[PDB]
Amino acid sequence: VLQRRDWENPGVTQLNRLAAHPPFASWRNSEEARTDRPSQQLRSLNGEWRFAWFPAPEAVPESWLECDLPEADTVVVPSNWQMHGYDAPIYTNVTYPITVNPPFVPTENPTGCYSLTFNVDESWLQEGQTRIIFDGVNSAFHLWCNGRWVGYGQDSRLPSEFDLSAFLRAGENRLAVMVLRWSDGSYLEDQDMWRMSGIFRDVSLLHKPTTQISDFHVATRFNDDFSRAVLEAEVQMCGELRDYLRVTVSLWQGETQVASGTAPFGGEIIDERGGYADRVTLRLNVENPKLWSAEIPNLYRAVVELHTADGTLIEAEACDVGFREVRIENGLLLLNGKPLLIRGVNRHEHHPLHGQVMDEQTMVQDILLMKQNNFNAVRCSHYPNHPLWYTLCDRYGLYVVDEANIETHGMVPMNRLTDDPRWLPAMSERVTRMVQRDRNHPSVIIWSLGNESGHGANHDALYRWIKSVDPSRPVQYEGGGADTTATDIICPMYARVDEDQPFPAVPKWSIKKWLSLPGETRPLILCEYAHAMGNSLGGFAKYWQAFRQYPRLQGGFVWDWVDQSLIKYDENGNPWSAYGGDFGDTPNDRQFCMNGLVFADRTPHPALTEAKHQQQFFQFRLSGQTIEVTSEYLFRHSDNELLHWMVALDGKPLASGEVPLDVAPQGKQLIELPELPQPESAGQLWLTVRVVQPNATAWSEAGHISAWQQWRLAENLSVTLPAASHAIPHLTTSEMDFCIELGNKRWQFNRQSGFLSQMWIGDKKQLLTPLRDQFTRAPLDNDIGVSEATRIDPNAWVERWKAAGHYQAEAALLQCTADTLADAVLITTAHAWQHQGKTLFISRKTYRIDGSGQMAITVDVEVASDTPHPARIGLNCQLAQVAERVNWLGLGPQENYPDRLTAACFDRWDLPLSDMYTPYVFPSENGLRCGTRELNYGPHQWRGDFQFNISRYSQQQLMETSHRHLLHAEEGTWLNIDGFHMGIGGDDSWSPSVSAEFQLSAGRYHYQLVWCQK
Amino acid sequence: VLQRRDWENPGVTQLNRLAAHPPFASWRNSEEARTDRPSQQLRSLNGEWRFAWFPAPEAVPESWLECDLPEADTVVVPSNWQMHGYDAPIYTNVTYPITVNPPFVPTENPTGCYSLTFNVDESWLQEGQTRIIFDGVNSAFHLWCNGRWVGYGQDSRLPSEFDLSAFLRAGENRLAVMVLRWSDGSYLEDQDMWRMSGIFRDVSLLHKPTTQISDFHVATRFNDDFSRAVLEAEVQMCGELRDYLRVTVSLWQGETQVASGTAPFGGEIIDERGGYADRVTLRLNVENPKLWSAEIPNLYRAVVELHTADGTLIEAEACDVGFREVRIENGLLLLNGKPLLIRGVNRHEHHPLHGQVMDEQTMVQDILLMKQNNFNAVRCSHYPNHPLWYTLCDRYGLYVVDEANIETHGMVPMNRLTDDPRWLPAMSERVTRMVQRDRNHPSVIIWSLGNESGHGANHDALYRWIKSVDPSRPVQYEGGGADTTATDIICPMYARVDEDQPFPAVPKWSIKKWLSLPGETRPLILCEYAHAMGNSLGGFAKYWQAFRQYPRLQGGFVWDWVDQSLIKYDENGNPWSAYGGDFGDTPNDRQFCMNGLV
Ligand SMILES: OC[C@H]1O[C@@H](SCCc2ccccc2)[C@H](O)[C@@H](O)[C@H]1O
Ligand SMILES: OC[C@H]1O[C@@H](SCCc2ccccc2)[C@H](O)[C@@H](O)[C@H]1O
Ligand SMILES: [Mg+2]
Ligand SMILES: [Mg+2]
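Protein chains in written order, with the authors' numbering: chain D, 10 to 1023; chain A, 10 to 607.
As structure tokens, this is what we get:
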């Protein structure tokens, strides 16, 4: 066993492992099978095991096979051993975590030795077959039972089963399992995720009788309009064939039996030598079946019984059946004859405390949040999931892409192993065992051959294998340029809507152009788009506009669902969120492990609301007084839907109402609004509509909002003058300062810097820092890309801004003058920002302080045409005071940016100061609100047309701090008020992705603010 | 080694075996490569070996690894041990010669223990890599060198190579080879022929330098009228890449150099991660090439040289190149743009004294008799042949169908193993290693996935693998009714000219009717017709009338070339011809082993 080194040989992937099959419980009662009750024949071995860690498999003492080591600890199974402190988890994206030298692995190969002592019932050993099932072990393992060697397995993400009938004794039995971190199977598992190890899914014992059901498959066929179905069930047995053996398949809808069939064994003739004596095929007719879809997940229950002709049951098995048909016809992917639009997301199995151990409670929480945010589909990135996941997607309704555990991203070239016939055996076990496990699940609609492994002849061979054994689902594969002969669907990753990226050999065309290339007929579904790393999803609306307009663009899967951060503890035992490199792991890919729409504890990022709104199932159009509502449901009528409408004048409600929705799938409804009020007061009128679900569902509460939209109606411009004040502000001119007094208010302008340096109400100072121009932001993850201090990427935005001096530029005063008018004081300033003799920006300002005590600020900025476009053009200061609440009239309530603001609505918003900070784990610019007309904070009020952010953290502190737990609140409050702000991008995060219409490239800018004390 | 029982496990088909590649001689001189002279770097180990027979592998004494058994005999290698009287040859057609219980084999498993003592030159051990090549061993074997275990192999009809660099010493060395009659590979080798065993093809040592040519492929493309060709050569190396390494490919017609090309290593970009640093592709233009066909077998000689930039040769390899194009267009199989008419025969490797040992003299005699009787094509029934066969078919002019060693005729139903994904590994080694060995031969015009194994998803997977790595030849397969999605050609066996035979699931239509079934567009070539058993071939004229009248009937392969009878001796020592059952073999299929035209 130490001399064969099976873990360094790609030709050996298992020894003594049993055939793959759909999930079995071996019920001995037909009613228990029908109702899905727990089976006495399936025991869990999850719980406390003994565990010892070793640096290599040669360091494991020989006594460990016979008895427990004294130095072993007690640990919970399932678990990852890096989550218990035995060695460090490693976060690496592309580079393999070991030397690339296939098929050898390091001689330092951390080894986990697990053991369990357990009782077996007397009844289990007299008759039948006892097997052990390991649902997942990472990465390869050898198994012993009572000191004797049983078998060996590889592939971390599919179950491994072994017959223990010959090894078990009555009384106390002992299992010993030796798990290796690295194996030749590690070469095929280079997914972008934490690299961990252990017995990380369930362990169980199953008892079957000697004559047994060994496999069964369920298939459904329809007539042209889905009014008649045939359920075809193939059953195979093992053991001794007898003439008295019979198989019955019955189909249940709730407690009503719908169809039934019975036959003896013996298939029809297949070839010159006969047929399968040990198989049978039943056909069951079903009239007007209820169809399964993500909108209405109607399920039936199929029970399969092996019994004698005189009626004695031997064993029963069962599964959930959904009647649906998936096909590609004339370049469109169809479900039940209608074209799908995929609102998809990629999801990893990740928990911040338990690593890669999934429980039911976590899975249900992810499914409810997905459906509540208008997702209908999920991609298993990038391996088969825990078996309970597919059951939940069947019951709640999500389309699943099921993916083989094959990724060789770090190879050079990427197809070095997948073009080699010596690795064809290892790859075929990963594809064929996934299909034999999952082919009965209705939620699985597409198979995938894996991810990022180039294009090799091995992929073509396996594409054709699946089409032949399971013709009822399309196959997709992205490697080798996303449109090879190994895919039914064009499935690019990160292709842009309008812009081509012409890389050699593997170009990423714009998605609209890809469709129409000479010869191309397939549908296009992006397997990854809109990389959600940090403050991201800019330009998301542009994908959804294209998906709705082009029939053959059928949607895509966002990258991705949840941040893969882990929890660490500081000195005081306070938890904090950690990422690549925080465990001493090296090399590592730092914060690239956090790409989620939700934080690792399942709290939402602000981008989640942008996804929910673009993916809505109702679309709205306004024409005069008429709202047109269009349904994008394919199958359901809107029977749980109420339309609420509200008209408001600059935040104040004027009229409201509700109307029930009655709209057929893909239909329209016209709603006529009552004669709207005509107010005399100035301001913009706004109409907001929202779709509300009055009743609770399996996945949502009563009152859930599923869709919304907002429009401008009539506007009345203000033609009244400000009330003529009696008091005149007084100007005092020293050598150092201009000082303006009016009543208890006082303003001070510094004549050497040319900035407002202080302001008094009574005797209380209002500023800690002067009001100054600001042209920079703390860089987002999309601004940095793959750039680092070792290896600078000169094309990233942060690198262009640094090389040009934007972070270092010094303001030089050109002019600072004051003048008394009739009723006001006017201050005029000009500044130039320079770096090594080059002028980057010029700003010219006027400040007008009138008798009402208002200060009107006008700003004019010029930007040199050859400097990189600036991140923002605005003012900043640090206010002296801290208030509890922020009140504003503008887009809200959540963080919104110029290329991510469709989901935000214009209204009067009011939040505690802490909701104005988004706590991204990697700190950056955050919390901006756009389209704002008025902002109130303490005694201050700003009016204008601006974007702002307000918080306790300076742009400087956000840029210098790598983790959110290291930030500290500064004295007072930092306010940033911008006339203009650049987009955030997010098509990908490793190349510039801010579209030309969101860059500040106009050269001249103007904005105005009024600062008063109300 | 006795506790792992690798010969009863379809997941293990080899241990420590090197990658498959085209034939190599490792010349150290470009002229010797061009003119095909014998290479000092390739030694034959054929001759006298020591041999002992045992009833099972558990009966082999442990001392046999270290030293010769006193009770061993001296025998010639290559040989079948049943031809020397150690146990009986078995003739069975369909029924497997062992209990059908995959993947187990009988505990009584006759075992042949071969050994050889040999000298290795001092120069071979200082530098480079020494490998041993076994061209064929039936059915599975373990190998030891100087007492230490080297490796394990299965598949009887393709070579097995092992690195011996770490095991050899200067002076006297000893090989020990333990050959098993039955293995899980026997389940895939149910061809209709005598069931024999032993080291039945050549054994050799090859010396390569550490930096070496590890593979090369040759492809030819034409303009619309075959007046201009491009020869494309892909070369791969192993060992340490250096900037000074260069590859030259040159093309010779007789003594005239016709084309030449030179490049450093480094392929073009393939994907997001780059290209192959250890490969290069040369393109050579050739104007008015002479085309290869069975009527005029014009050959060129391609020499591949690995050398330094300053001109020092490291190693040379060479092969014969024939310019021809094979394609299917509008339902016709075309060679050099013209539709073929196949005058074919099936041929087994059989000799009445030596069993399944083929020599050059026998091969040449069969080729001259075939051409003298107006045959132009030969089907390798039903496994890859001795490597010299394809060289002779290139030089004299015969079209070859090359066939994978896969036949599971005695299974019930016939696709029990070829529809199971647990046997997909074992089947893929039989197909992928044949293609990597033979893809440079001009005479090979069609690949075949094997014979009589029903139709399973494993056949579809392997059909698609060949179309992707070698698009220049059609693929055929007869199982599952001769017209499945795993064949480019409809290729029935024993379909009649005018009469239908409507069997359930797998009907044999008349060949004229098969052509015109709704939807059918492929050419039809019979992979077996006109069974020549005894006094036979009545109605042969009726096939040839139909072949000439219908364009899409493009001929067929007669079953078969030579009778598989063996020689026995009577009391007076007079030789006589024997058939199934004459060796006490039971059950047997009697005279069904004699189907030959000769
Ligand atoms: O979340 C990161 C993404 O990285 C890019 S590679 C290019 C970017 C990169 C490369 C190397 C290190 C870090 C990032 C992959 O294509 C995506 O599937 C996803 O894994
Ligand atoms: O030379 C015999 C031929 O037998 C028939 S099986 C049907 C005939 C048969 C079956 C069993 C025993 C003997 C003959 C095969 O299909 C041919 O390829 C060839 O091997
Ligand atoms: Mg990757
Ligand atoms: Mg046969």
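Quick reminder that beta carbons are idealized off the backbone N, C-alpha and C, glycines included.
Can you tell me the Cβ-Cβ gap for residue 608 (chain A) and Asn182 (chain A), rounded? I've got them flagged as a contact below 8 Å. The structure shown does not extend to residue 608 (chain A), since chain A is modelled only from 10 to 607, so the question has no answer here.
Short check: CB of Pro31 (chain A) to CB of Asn449 (chain A), under 8 Å? For the purposes of this step, residue 31 (chain A) is taken as residue 22 along the second sequence, with counting starting at 1. For the purposes of this step, residue 449 (chain A) is taken as residue 440 along the second sequence, with counting starting at 1. Yes, the Cβ-Cβ distance between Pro31 (chain A) and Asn449 (chain A) is below 8 Å.
Where do the ends of the beta strand (DSSP E) carrying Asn467 (chain D) lie? For the purposes of this step, residue 467 (chain D) is identified with residue 458 of the first sequence, where counting begins at 1. Counting along the chain, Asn467 (chain D) falls outside any beta strand (DSSP E), though it belongs to the alpha helix (DSSP H) covering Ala466 to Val478.
Whole runs of the beta strand (DSSP E) within the stretch 331-406 of chain A, excluding any shorter than 3 residues: The stretch 331-406 of chain A contains these whole beta strand (DSSP E) runs: 335-338, 341-344, 351-356 and 386-389.
Would you decide whether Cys500 (chain A) is buried or exposed? Buried here means 16 or more other CB atoms lie within 10 Å of its CB. Translated into the one-based positions of the second sequence, residue 500 (chain A) becomes position 491. Buried.
Chain D contacts from the stretch 16-28 of chain A (Cβ-Cβ distance under 8 Å): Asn18, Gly20, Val21, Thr22, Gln23, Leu24 and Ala28
Rounding to the nearest angstrom, what Cα-Cα distance links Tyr408 (chain D) and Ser452 (chain D) in this structure? In the first sequence, residue 408 (chain D) corresponds to position 399, counting from 1. In the first sequence, residue 452 (chain D) corresponds to position 443, counting from 1. So the alpha carbons of these two residues sit roughly 5 Å apart.
Span of the beta strand (DSSP E), counted from its first residue to its last, around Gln964 (chain D): Stepping through the first sequence from its first residue, residue 964 (chain D) is reached at position 955. Per DSSP, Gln964 (chain D) belongs to no beta strand (DSSP E); it is in the alpha helix (DSSP H), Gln964 to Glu969.
Below 7 Å CB to CB, which residues in the same chain sit around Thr101 (chain D) once its five sequence neighbours on both sides are set aside? One-based indexing of the first sequence puts residue 101 (chain D) at position 92. Closer than 7 Å at the Cβ level, and outside the excluded window around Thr101 (chain D), lie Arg204, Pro596, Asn597 and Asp598.
Can you name the start and end residues of the alpha helix (DSSP H) that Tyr552 (chain D) belongs to? Counting from one through the first sequence, the residue named residue 552 (chain D) turns up at place 543. That run of the alpha helix (DSSP H) goes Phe549 to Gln558.
Is residue 1044 (chain D) a contact residue of ligand 1, with contact defined as CB to any heavy atom under 7 Å? Nothing about residue 1044 (chain D) can be read from this structure; chain D reaches only from 10 to 1023.
Would the beta-carbon of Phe1007 (chain D) fall within 8 Å of that of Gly666 (chain D)? Taking the first residue of the first sequence as position 1, residue 1007 (chain D) is located at position 998. Taking the first residue of the first sequence as position 1, residue 666 (chain D) is located at position 657. No. Outside cutoff.
Name the chain A residues that come within less than 9 Å of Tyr285 (chain D), Cβ to Cβ? For the purposes of this step, residue 285 (chain D) is taken as the residue at position 276 of the first sequence. Residues of chain A passing the Cβ test: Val421, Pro422 and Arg425.
When you compare only the Cα positions, how much space is there between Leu526 (chain A) and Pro64 (chain A)? As a working mapping, residue 526 (chain A) is identified with position 517 in the second sequence. As a working mapping, residue 64 (chain A) is identified with position 55 in the second sequence. C-alpha separation (whole angstroms): 55 Å.
Heavy atom of ligand 3 less than 7 Å from the Cβ of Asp201 (chain D), yes or no? Translated into positions along the first sequence, residue 201 (chain D) becomes position 192. Yes, the Cβ of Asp201 (chain D) comes within 7 Å of a heavy atom of ligand 3.
Could you have a look at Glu181 (chain D) and say whether DSSP puts it in helix, strand or coil? Within the first sequence, the letter at position 172 stands for residue 181 (chain D). DSSP places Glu181 (chain D) in strand when its eight states are reduced to three.
Quick check: is any heavy atom of ligand 4 less than 7 Å from the C-beta of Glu57 (chain A)? As a position in the second sequence, residue 57 (chain A) is number 48, starting the count at 1. No, Cβ of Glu57 (chain A) sits at least 7 Å from all heavy atoms of ligand 4.
Below 7 Å, is the gap between the Cβ of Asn604 (chain A) and the nearest heavy atom of ligand 2? Counting from 1 along the second sequence, the entry for residue 604 (chain A) is found at position 595. It does: the Cβ of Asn604 (chain A) is within 7 Å (strictly closer) of some heavy atom of ligand 2.
For a minimum of 3 consecutive residues, which ranges assigned as the beta strand (DSSP E) are wholly contained in the stretch 275-314 of chain D? Under the rule that a run must span 3 or more residues, the beta strand (DSSP E) segments found entirely inside the stretch 275-314 of chain D read 288-296.
Taking only runs that begin and end inside the stretch 610-651 of chain D, name each unbroken beta strand (DSSP E) of 3 or more residues, in chain order. 627-632 and 635-640
Which residues in chain D have a C-beta closer than 7 Å to the C-beta of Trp474 (chain A)? List them in chain order. Numbered from 1 along the second sequence, position 465 holds the residue referred to as residue 474 (chain A). Under the 7 Å cutoff, chain D gives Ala466, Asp469 and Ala470.
Taking a Cβ distance cut-off of 7 Å, strictly less, list which residues of the stretch 161-188 of chain D are near chain A, in chain order. Answer set for the stretch 161-188 of chain D: empty.
Using a beta-carbon distance below 8 Å, is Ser457 (chain D) in contact with chain A? Walking along the first sequence from the start, residue 457 (chain D) turns up at place 448. Between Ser457 (chain D) and chain A, the shortest Cβ-Cβ separation is not below 8 Å.
Is it a yes or a no for the stretch 266-283 of chain A touching the stretch 364-371 of chain A, going by three-plus beta-carbon pairs under 8 Å? No, they do not touch.
What does the alpha-carbon distance come out to for the pair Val571 (chain A) and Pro66 (chain A)? Here the question's residue 571 (chain A) lines up with position 562 in the second sequence. Here the question's residue 66 (chain A) lines up with position 57 in the second sequence. Answer to the nearest angstrom: the Cα atoms are 35 Å apart.
Can you give me the Cβ contacts of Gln245 (chain A) inside the same chain, cut-off strictly under 8 Å, excluding the 5 residues immediately before and after it? Position 236 of the second sequence, counted from the start, is the residue given in the question as residue 245 (chain A). Hits under 8 Å: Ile222, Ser223, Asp224, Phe225, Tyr285, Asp287 and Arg288.
Quick one: give me the first and last residue of the beta strand (DSSP E) that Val700 (chain D) is part of. Start at 1 with the first residue of the first sequence, and residue 700 (chain D) comes out as number 691. Its beta strand (DSSP E) spans residues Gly692 to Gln702.
Close Cβ partners of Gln381 (chain D) (< 6 Å) along its chain, the five nearest in sequence each way excluded: Position 372 of the first sequence, counted from the first residue, corresponds to residue 381 (chain D). These residues qualify, in order along the chain: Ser709.
Determine the extent of the beta strand (DSSP E) in which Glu412 (chain A) is found, giving its start and end residues. Here residue 412 (chain A) refers to the residue found at position 403 of the second sequence. Run containing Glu412 (chain A): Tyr408 to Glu412, per the beta strand (DSSP E) assignment.
What span of residues does the beta strand (DSSP E) with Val444 (chain A) cover, start to end? By one-based count along the second sequence, residue 444 (chain A) stands at place 435. Taken as a continuous stretch (DSSP letters only), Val444 (chain A) belongs to no beta strand (DSSP E), being part of the alpha helix (DSSP H) at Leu433 to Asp447.
Span of the beta strand (DSSP E), counted from its first residue to its last, around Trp842 (chain D): If you number the first sequence from 1, residue 842 (chain D) lands on position 833. First-last of the beta strand (DSSP E) with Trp842 (chain D): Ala833 to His844.
Output, in sequence order along the chain, the residues in the stretch 79-102 of chain A whose CB is closer than 7 Å to any CB in chain D. none
For the candidate residues D:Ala179, D:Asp869 and D:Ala149, whose alpha-carbon lies nearest to that of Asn155 (chain D)? In the first sequence, the residue the question calls residue 155 (chain D) occupies position 146. Selected option, being the one with the closest Cα: D:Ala179.
Provide the residue span of the alpha helix (DSSP H) that contains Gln135 (chain D), from first to last. Along the first sequence, read from residue 1 onward, the residue named residue 135 (chain D) stands at position 126. That run of the alpha helix (DSSP H) goes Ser132 to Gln135.
Give me the chain A residues within the contact set of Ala705 (chain D), using Cβ-Cβ distance strictly less than 8 Å, ordered along the chain. As a working mapping, residue 705 (chain D) is identified with position 696 in the first sequence. The premise fails here: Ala705 (chain D) is roughly 45 Å from chain A at the closest Cβ pair, so nothing lies under 8 Å.
Going by DSSP in three states, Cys602 (chain D) sits in which element: helix, strand or coil? Along the first sequence, read from residue 1 onward, the residue named residue 602 (chain D) stands at position 593. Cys602 (chain D) falls in the helix class under three-state DSSP.
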